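# Any chance you could fold what I've pasted below:
(one chain, ligands or ions: 3)
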Amino acid sequence: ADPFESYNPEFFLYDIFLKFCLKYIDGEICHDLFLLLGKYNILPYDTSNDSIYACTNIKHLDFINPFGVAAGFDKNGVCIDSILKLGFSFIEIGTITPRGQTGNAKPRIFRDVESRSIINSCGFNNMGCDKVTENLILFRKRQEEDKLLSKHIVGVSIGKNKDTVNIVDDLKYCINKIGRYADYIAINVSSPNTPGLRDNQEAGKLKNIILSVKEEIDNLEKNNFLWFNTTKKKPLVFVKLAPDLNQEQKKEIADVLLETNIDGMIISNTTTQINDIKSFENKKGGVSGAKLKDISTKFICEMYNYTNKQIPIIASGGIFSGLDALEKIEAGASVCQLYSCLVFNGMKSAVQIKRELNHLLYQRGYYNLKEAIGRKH
Ligand SMILES: Cc1cc2nc3c(=O)[nH]c(=O)nc-3n(C[C@H](O)[C@H](O)[C@H](O)COP(=O)(O)O)c2cc1C
Ligand SMILES: CCOC(=O)c1[nH]c(C)c(Cc2ccc(C(F)(F)F)cc2)c1C
Ligand SMILES: O=C(O)c1cc(=O)[nH]c(=O)[nH]1
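Numbering: from 1, shown residues only. Ligands and ions are numbered 1, 2, ... in the order given. Here you go, the structure:
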């Protein structure tokens with residue numbers, strides 16, 4: 001669309017505000033401002049039909065296009081509608097925990113524009129499962145009455161409170177509160193900002209976690225119209241994995257994912273292993289964005305092979321352009337999540353990246369996105 005003729009996601013004024021934000025305004029404040037505008041439904045909408053040749057699925061989850069918003073973006077589910085309506089097919093709200101908590105002291109989010117990278121040490125700041133459940137329930141009620149929202153997907157990422165000893169207690173609480181409203185549940189065993197959380201990727205611990213989560217979801221129908229979500233079915237179960245793993249760890253994790261019949265794997269969370277960004281040198285936390293891209297694409301290729309292509313992959317890490325997305329898809333991903341792209345490219349990100357991917361699928365000779373999945377191998 002013309003950035004000057006019309007209020008649409010490409011509207012020029014948002015690019016002027018984005019440039020000002022990136023130069024002058026603290027990152028978490030910029031993010032809060034975006035969420036404030038979305039909560040009040042000020043943000044433009046993408047009303048276009050997405051190309052039928054770029055749809056994708058994971059089992060019965062039918063994504064209308066291949067781009068969603070990653071976890072940590074709308075932690076509290078406060079502007080689900082406005083984010084989706086920028087042109088995304090899905091959003092992963094959370095990560096939530098049973099009780100609300102503040103997270104780590106601010107400033108805890110920093111950007112490096114030159115390298116299109118972000119570092120954060122948020123520490124699972126969220127309003128808590130009960131309030132976020134109330135938010136998701138209100139979304140689901142608006143969704144029943146909205147032409148624009150009817151087929152969009154909402155997953156919920158779940159984690160543990162800061163002082164919880166046994167993570168499964170917290171995952172079960174969340175499932176029993178919010179699981180009926182989710183299209184999928186993402187198990188967060190990969191935040192670098194909760195000390196010890198990533199230890200739960202060890203095969204034995206991870207297996208028990210996955211089996212516990214599936215058992216709790218399976219019990220929702222026994223204990224209890226039921227599925228007040230998009231699929232009208234019980235939520236699928238995904239695990240989100242850390243990129244900072246050796247090959248032995250990756251291989252034992254793959255074996256567990258196969259053994260437990262997990263529905264998908266989100267590859268990947270942030271990394272702790274990037275140290276050539278000078279403005280991050282004194283900073284804690286996990287790195288996102290363009291310096292994560294190659295690490296996470298390689299990890300996709302590895303896990304796709306190690307699971308013999310039997311476990312669908314949601315790609316996360318350093319996706320900015322249509323080419324970046326195609327690279328993820330050809331590596332093995334069925335669908336992409338964005339986060340840093342929205343920080344550095346703003347309101348127009350979904351409209352721009354869908355168009356760029358549609359042009360590449362054509363230029364490369366693919367009939368549709370599904371035939372690209374895994375084609376590198
Ligand atoms: C400020 C911030 C907070 C995040 N919070 C979470 C979170 O709560 N849960 C989660 O699974 N990932 C979280 N992430 C990770 C992103 O979901 C994503 O996996 C990562 O940023 C890599 O994608 P990107 O390179 O497109 O940004 C967070 C990322 C950022 C930058
Ligand atoms: C990593 C910390 O998050 C950020 O640094 C951040 N997060 C988002 C979603 C953005 C993009 C953005 C575009 C327009 C506006 C305005 F409201 F001004 F229009 C506000 C924000 C930025 C810069
Ligand atoms: O809460 C955060 O600090 C956070 C969670 C997560 O999973 N990943 C991340 O980079 N930050």
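# Can I take it that residue 95 is in a helix?
No: looking at residue 95 with DSSP: H, G, I helix; E, B strand; the rest coil, it is strand, so not inside a helix.
# That one: how many residues sit nearby?
25 (other Cβ atoms under 10 Å). The way it works is simple: take the backbone N, C-alpha and C, and place the C-beta from them, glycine included.
# Next up, the contacts around it.
Contacts for residue 95 (Cβ atoms under 8 Å, 6 or more residues apart in numbering) come out as 71, 72, 75, 124, 126, 157, 158, 159, 186, 188, 191.
# So which of these wins on neighbours?
The most crowded member of those, judged by other Cβ under 10 Å, is residue 188 (30 neighbours).
# where's the nearest residue to residue 207 once chain neighbours are set aside, which helix or strand?
Nearest non-adjacent residue to residue 207, counting by Cβ to Cβ, 6 or more residues apart in numbering: residue 256, 4.8 Å away. Under the criterion of DSSP states H and E, residue 256 resides in helix 247-260.
# do residue 146 as well
Judged by DSSP H and E, residue 146 forms part of no helix or strand.
# Then the one 10 residues further on?
Residue 156 is located in strand 153-158, with elements delineated by DSSP H and E.
# Direction included, what does that strand pair up with?
Its sheet considered, strand 153-158 pairs with strand 90-96 (parallel), strand 184-188 (parallel) by DSSP bridges.
# In contact with the residue of the stretch 1-150 of the chain found nearest ligand 1, which residues?
Of the stretch 1-150 of the chain, the residue with the smallest distance to ligand 1, taken as Cβ to the nearest ligand atom, is residue 72 at 1.9 Å. Residues in contact with residue 72, defined by Cβ under 8 Å, 6+ apart, are 94, 95, 120, 122, 157, 339.
# And for the first one, the neighbour number?
So the one you mean is residue 94. 29.
# Roughly how far does the closest residue in space to it that isn't next to it in sequence sit from ligand 2?
Spatial nearest neighbour of residue 94, chain neighbours left out: residue 157 (3.6 Å); criterion: Cβ to Cβ, 6+ apart. Taking Cβ to the nearest ligand atom, to the nearest Å as the measure, residue 157 falls 17 Å from ligand 2.
# Show me what residue 157 is bridged to.
residue 186.
# who touches it in this structure?
For residue 157, the contact set (Cβ under 8 Å, 6+ apart) comprises 71, 72, 92, 93, 94, 95, 96, 185, 186, 187, 188, 240.
# Need the max-distance pair from those.
Maximum pairwise distance among these (Cβ to Cβ): 15.7 Å, between 72 and 185.
# and the stretch 201-350 of the chain, which residues reach ligand 1?
240, 269-270, 288-289, 292, 316-319, 338-341 (Cβ under 6 Å from any ligand atom).
# Can you lay out those as a markdown table showing neighbour count?
Output for those, formatted as a markdown table (neighbours: other Cβ atoms under 10 Å):
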| residue | neighbour count |
| --- | --- |
| 240 | 25 |
| 269 | 28 |
| 270 | 27 |
| 288 | 28 |
| 289 | 25 |
| 292 | 27 |
| 316 | 29 |
| 317 | 31 |
| 318 | 24 |
| 319 | 30 |
| 338 | 23 |
| 339 | 21 |
| 340 | 25 |
| 341 | 27 |
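# on that earlier part again, would you mind checking which of the contacts of residue 95 is nearest to residue 232?
Among the contacts of residue 95, and counting by Cβ to Cβ, the member closest to residue 232 is residue 186, at 19.6 Å.
# Does the closest one touch residue 266 like I think?
Yes: with contact defined as Cβ atoms under 8 Å, residue 186 reaches residue 266; the gap is 6.1 Å.
# list the residues that contact both of the two?
Counting by Cβ under 8 Å, 6+ apart, the common neighbours of residue 186 and residue 266 are 92, 238, 239, 240.
# most neighbours, which of the residues you listed?
Ranking the shared contacts of residue 186 and residue 266 using other Cβ under 10 Å puts residue 92 first, with 30 neighbours.
# Now do the contacts for that residue.
68, 69, 70, 71, 73, 154, 155, 156, 157, 186, 266, 337.
# mind running it again at 6 Å?
Each residue near residue 92 by Cβ atoms under 6 Å, 6 or more residues apart in numbering is listed here: 70, 71, 155, 157, 186.
# Tell me where the stretch 151-300 of the chain has strands.
Assigned by DSSP state E, counting those that start in this stretch, the stretch 151-300 of the chain shows strands spanning 153-158, 184-188, 236-241, 264-267, 286-289.
# Can you point out the buried residues in the host helix or strand of residue 329?
Element membership for residue 329 (DSSP H and E) is helix 322-331. Neighbour-count burial for helix 322-331, counted by 16 or more other Cβ atoms under 10 Å, picks out 322, 324, 325, 326, 327, 328, 329, 330, 331.
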